[PDB]
Amino acid sequence: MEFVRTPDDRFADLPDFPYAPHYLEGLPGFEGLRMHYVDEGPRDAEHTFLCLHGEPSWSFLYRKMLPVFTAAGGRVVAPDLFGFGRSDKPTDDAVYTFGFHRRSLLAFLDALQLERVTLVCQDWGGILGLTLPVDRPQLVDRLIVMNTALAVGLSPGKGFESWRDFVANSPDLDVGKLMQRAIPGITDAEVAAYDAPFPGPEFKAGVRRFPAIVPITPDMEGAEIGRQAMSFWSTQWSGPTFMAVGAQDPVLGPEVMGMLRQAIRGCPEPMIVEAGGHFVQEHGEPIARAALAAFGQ
């Protein structure tokens, strides 16, 4: 499997992200590839917050939420999917499938021997993370869910389809410019942190493919796993749940999230973060504090 690795000097300057890199090699089924993750807090923490990112972000996106989690005595573990952040990046777009990403996540959990987590998810971090209980029913003991969907073989919307086509029409998608449009208040130094993984178009195979592999017709890969996952959350799940929604998201926003709320057994009414957009973790410090207070922490 062909791949590129982003030079370390790209990750020097980063605002509010001093966290040491940690890496895993030899993951079963990804022999050759190196995965980066953030790991902070005591490694015998009562609560480990597994923070999964989506498209086209990385663990950098959890940097405002992480210190609230560690302040509370938590461990925070935030992997960069292959194709993203400081992880290695396959160059052939065809390697990125729903299964490729899901298996990575499972290999990642097994390697750290993480068996009990507060799942913190958004976008593809939730499309994938929300399906983990299908295989590992006792893995998630609490959920903090943000702007995401359970992909069951339907479109999330007209907004989704436009976005998908736009990515398809952008062979060298400017990730930093996209984030500038999408995140109210983002500074120039934070924009460069989202550009940082991607020195050129050969680094963006996973960025290009992601929207195209969301299972939005019933028989695309991952759709049936999505349906199984919805079954779990609607009929077997009974853990503590907190939902927050960034209101300015014109794809996976309040609309899609109100429906998901009702499909997650016991999920209370969402915290609406009017300051936030799709990448709501950018306005996520109050999300982390409110989750914790809701969980009795």
Side-chain angles (χ1 to χ4, degrees), residues 37-54 59 61-79 102 105-106 108-110 112-150 225-226 228-246 252 257-273 276 280-281 283-297:
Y37 66 105
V38 173
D39 200 345
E40 298 289 325
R43 302 192 187 168
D44 61 351
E46 179 184 24
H47 289 299
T48 299
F49 300 79
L50 173 67
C51 300
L52 302 186
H53 76 88
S59 49
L61 175 50
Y62 282 106
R63 81 200 176 284
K64 301 189 199 169
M65 294 184 81
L66 161 347
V68 169
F69 296 146
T70 60
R75 185 184 183 182
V76 185
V77 172
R102 200 176 173 266
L105 283 177
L106 294 164
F108 176 77
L109 292 172
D110 300 345
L112 281 62
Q113 287 188 301
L114 291 191
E115 287 188 315
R116 274 321 171 291
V117 304
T118 295
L119 173 65
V120 184
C121 65
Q122 175 267 343
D123 190 75
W124 267 99
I127 297 176
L128 290 153
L130 294 170
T131 72
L132 300 167
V134 172
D135 280 41
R136 311 293 163 85
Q138 301 162 297
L139 176 68
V140 186
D141 69 339
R142 317 185 303 186
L143 182 62
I144 308 180
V145 53
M146 292 165 288
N147 295 56
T148 192
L150 261 167
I225 292 181
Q228 286 170 348
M230 193 165 61
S231 182
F232 167 91
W233 297 107
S234 287
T235 68
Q236 313 280 330
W237 170 246
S238 64
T241 308
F242 190 84
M243 178 179 285
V245 188
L252 305 184
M257 291 299 282
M259 308 283 282
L260 181 54
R261 184 266 258 223
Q262 188 56 44
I264 298 179
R265 194 145 81 89
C267 186
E269 82 161 5
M271 177 187 198
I272 302 308
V273 183
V280 73
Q281 308 96 315
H283 296 81
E285 178 190 338
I287 305 175
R289 302 186 184 279
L292 292 214
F295 297 164
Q297 205 157 343

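We use all heavy atoms of the structure for the numbers below, so side chains are in, but hydrogens, waters and symmetry mates are not. When a residue number appears, it is its place in the shown sequence, counting from 1.
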*Look up atom OG1 in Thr241 and atom CZ in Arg265, then write down how far apart they are to the nearest 0.5 Å.*
10.0 Å
*Nearest heavy-atom neighbours spanning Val134 and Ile225*: CG2-O, 4.0 Å
*Judged by atom type as modelled, is there a donor-acceptor pair below 3.5 Å linking the side chain of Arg102 to the main-chain atoms of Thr131?*
yes
*Looking at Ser231 and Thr235, what are the two nearest heavy atoms and their distance?*
O-OG1, 2.6 Å
_Are the side chains of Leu130 and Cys121 in contact, using a 4.5 Å heavy-atom criterion?_
yes
*Does a donor on one side chain and an acceptor on the other come within less than 3.5 Å for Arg75 and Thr48?*
no
*Short question: side chain of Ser59, backbone of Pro79 - any donor-acceptor pair under 3.5 Å?*
no
_Within-4.5 Å side-chain heavy-atom neighbours: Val77 and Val117_ = no
*asked:* Do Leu128 and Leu52 have side chains that approach each other closer than 4.5 Å (heavy atoms only, starting at C-beta)?
replied: no
*Nearest-0.5 Å distance, CE of residue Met65 to CD1 of residue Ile287*: 5.0 Å
*asked:* The criterion is side-chain contact (heavy atoms from CB on, under 4.5 Å); which residues satisfy it with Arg261, sequence neighbours excluded?
replied: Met243, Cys267, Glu269, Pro270
*What are the two closest heavy atoms between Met146 and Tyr62, and how far apart are they?*
CE-CE2, 4.2 Å
*Which value, rounded to the nearest 0.5 Å, describes the distance between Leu260 atom CG and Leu252 atom CG?*
10.0 Å
*Separation of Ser234 OG from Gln262 CD (nearest 0.5 Å)*: 8.5 Å
*Decide yes or no on side-chain contact (heavy atoms from CB on, under 4.5 Å) for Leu150 and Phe232, but give the supporting numbers first.*
CA-CA 11 Å; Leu150 261 167; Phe232 167 91; over 6 Å; no
_Partner set under side-chain contact (heavy atoms from CB on, under 4.5 Å) for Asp110, not counting sequence neighbours_ = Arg136
*Are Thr118 and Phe242 close enough that some pair of their side-chain heavy atoms sits under 4.5 Å apart?*
no
*Shortest non-hydrogen separation from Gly126 to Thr148 and the atoms involved*: CA-OG1, 3.3 Å
*Atom pair CG/CG of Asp123 and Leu61 - distance to nearest 0.5 Å*: 9.5 Å
*When the ring planes of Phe69 and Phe49 are compared, do they come out parallel, tilted or perpendicular, using 30° and 60° as the limits?*
parallel
*Applying the side chain to side chain contact (heavy atoms under 4.5 Å, CB included) test to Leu119, which of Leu143, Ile144, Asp141, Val145 qualifies?*
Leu143
*Which residue pairs pass the salt bridge (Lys or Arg N to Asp or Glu O under 4.0 Å) test with at least one member in residues 286-297, sequence neighbours excluded?*
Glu285-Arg289
*Can you name the closest pair of heavy atoms from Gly73 and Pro42 and give their distance?*
O-CG, 4.0 Å
*Sub-3.5 Å donor-acceptor pair from the side chain of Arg142 to the main-chain atoms of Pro240, do we have one?*
no
*Could you state the interatomic distance from CZ (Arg63) to CD (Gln281), rounded to the nearest 0.5 Å?*
10.0 Å
*Determine the minimum heavy-atom distance between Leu114 and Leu139, stating which atoms define it.*
O-CD1, 3.8 Å
